[PDB]
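Inspection log for the structure reproduced underneath, given as structure tokens.
All of this is worked out from the model, or read from it or from the source named; these are not laboratory values. Neighbour counts are summed over all protein chains in view; Cβ atoms, including those assigned to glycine, are modelled from backbone coordinates with ideal geometry.
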Ligand SMILES: [Zn+2]
Ligand SMILES: [Zn+2]
């Protein structure tokens, strides 16, 4: 009946936070996990530069062959290199893919006695307050360095790896995979194109709102989630209109992590469940799908359940702090909805599934399937109210019309 | 030029959070550091109860001879017992005194090669972003369990130990003393008398406000500080009027830790500097002294410096979020001041140094001394603007009249 709050014990941020790698104690062998993109932009060179500046010599190995939605094959390939190389630090540089991929290798590197076939079956129960295999004695430290703003994976214990010969998406639980250090350096976000600045920027906002109305929300996550929401409405338009705006980028990158610290402990809701499946089926970007769904999900969650429920009031708290009309809970909710629609328009994002290129026959033929899968999504468990599959169908249909 | 944010990697909270000690992995020998008060209330029995419920036998040693403002003699006495007992977990149960005392023993237990005479001279530079002696390989885990709401010491790396044959107060730096686990259980706060509920409750508010206008404030600490401020204005009156109010106690205990997470990284200001010396000289309780000074310190810090300064605007942000009139920065500031005066009155607290029993001759004879010492206080370094000793004299004089 108790609750817990967990984050990386050290988060370094502001520009050139990456320079900590020149100061970080007790590291002689670094295993860098990333993708070809970060290598292309010389971001890996940036990391290696500060390791060279250490008084003692540092041997480094690079693992760049990481694909979106990392597979087990990719993981075990990395583990094999790690076991021969034996790093005392693992540096995950990139988006959610290299982050989750690196976390997975870290697990099997530290626990050679672990089997993936076993992990496939055991599921993440978000009611549990202790890891079966927590961090006790590890041979390598884990440093997360996100390059988007963002997934906030640099503060979570969540690692997901796809199977391919099945294609089921498996979250890895029982093992504690929270990074030892998170380096939130905005210099890595400077180059992000504007249409994904908008996508990733709205996922941060979705993470924070969902974390705030989650049935796991607490005093510790509430303040962080609220702050994240504030920062997005303040600087995401600026970051979009001008990606050279250093202040706007610094704020969004922090908001991404702060939103992460909230949902790492409070989890999410059906918005991500609905977006997971909608985006995988029609190849719609994650944050783009979240924006289309948000107006309709908030209205559903705000609807007092058929009959202690507070989701409607909590949505109004966000409006009230945003300085929006919330004299009553009902209008406060709709104010928040309208603010999000305005923002979405500023970022030139679609506001319907139909606007994305999806037919109405292509959609109606898949809606029952996605609704059922969405319900099955782990994130549904933390939604302020457990929905019927029919509730998710209705939301999807409203989302197709748009708003 | 980078910044960092650090907290205990695991914070357990809500009622019966102490039950984690039955689940906490890899502990066979517990060294409990506390004071006679916690033993009297059976709080130590509560801790020992859950250690017994572990599958494996747990040998426990208790160290209760801890006095307010712990001395080095107390520390080295504890270390000697630890070295013979060899605990794999240290449990600090109590207020700031047993917490700081336990942290100090932990240092010398883990680092037998450390000298206090050496630590006396090296000072806490709050510009540094790496510990000279961080947590790498420790033979004992540190569990902090606060019983007041509170000092928030259960999340800081700050340990202070008095000398007596000198009586200089020495913060211990270079060594990383952040607890591995913080257990914020409101069952330990239920019995706190109401006049100290008010004192400790207002110190939380002082920690949060100072952390928010500190020159070290950042996106991560701002959200936490703001949340803390909200919780106090909402539940501190309730906690005062009725100490059996379980919700009010749970909220204040969380607010204490959340305020801690903010100032652990953002530090404080002259309010604590002024309160440290005022309280040590006239034996005025910490939070009681902070309340008398706050109206006058906020007005000073809000005053635009003689000539990027934002302290005035940030004070108004607190008023605005509190729903107070802040149409302009100037009135927003004064609104916050008035809200604090109202609160102080609800808690039946004094509003002047004279109201505490201090004469006007007893005061005027000491004011230069305290002002000079206040300036010298470490906390002054993080104040939004560096004050002259004369500025601190004026504040002290305004505080004597009251408001
Ligand atoms: Zn997301
Ligand atoms: Zn204090």
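The table below lists the values:
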read-out: Only listed residue being within 20 Å of the chain's Cα centre (by Cα) and closer than 27 Å to residue A:4 by Cα, chosen from A:119, A:124; value: A:124
read-out: Number of the exception - residue A:273 against (1) more than 14 Å from every other protein chain (Cβ to nearest Cβ); (2) surrounded by fewer than 22 Cβ atoms within 10 Å (Cβ to Cβ); value: (2)
read-out: Some residue of the range B:84-93 being within 14 Å of chain A (Cβ to nearest Cβ) and either in contact with a helix residue (DSSP H, G or I) (Cβ under 6 Å, 6 or more places away or on another chain) or not in a loop (DSSP other than H, G, I, E, B) (or both); value: yes
read-out: Among residues of the range B:297-313, those that are within 25 Å of residue B:231 (Cβ to Cβ) and surrounded by fewer than 22 Cβ atoms within 10 Å (Cβ to Cβ), counted; value: 4
read-out: The range B:276-294: number of residues that are away from ligand 2 (no atom under 12 Å from the Cβ) and crowded, with 24+ Cβ neighbours inside 10 Å; value: 2
read-out: Filter result for residue A:285 (within 16 Å of ligand 1 (Cβ to nearest atom) and away from chain B (no Cβ under 14 Å)); value: yes
read-out: Lone unmet requirement of (1) more than 16 Å from ligand 2 (Cβ to nearest atom); (2) under 13 Å from the mean Cα position of the chain (by Cα) for residue B:179; value: (2)
read-out: Subset of the range B:97-136 [part of a loop (DSSP other than H, G, I, E, B) and either in contact with a helix residue (DSSP H, G or I) (Cβ under 7 Å, 6 or more places away or on another chain) or within 23 Å of residue B:380 (Cβ to Cβ) (or both)]; value: B:114, B:120, B:121, B:122, B:123, B:124, B:125, B:126, B:127, B:128, B:129, B:131
read-out: Any strands (runs of 3 or more DSSP E) falling wholly within the range B:1-77 and containing at least 1 residues that are away from chain A (no Cβ under 14 Å); value: B:29-33, B:59-63
read-out: Failed item in (1) within 14 Å of chain A (Cβ to nearest Cβ); (2) loosely packed, with under 15 Cβ neighbours inside 10 Å; (3) within 16 Å of ligand 2 (Cβ to nearest atom), with residue B:127 passing the rest; value: (3)
read-out: Residue match in the range A:161-168 (condition: touching a strand residue (DSSP E or B) at 6+ places or on another chain (Cβ under 6 Å) and under 17 Å from residue B:10 (Cβ atoms)); value: no
read-out: Unique match (being within 22 Å of residue B:385 (Cβ to Cβ) and under 15 Å from the mean Cα position of the chain (by Cα)) among B:275, B:228, B:319; value: B:275
read-out: Strands (runs of 3 or more DSSP E) completely within the range A:145-245 that count 3 or more residues being in the same structural domain as residue A:18 (by CATH) and buried (at least 23 other Cβ atoms within 10 Å of the Cβ); value: A:181-184
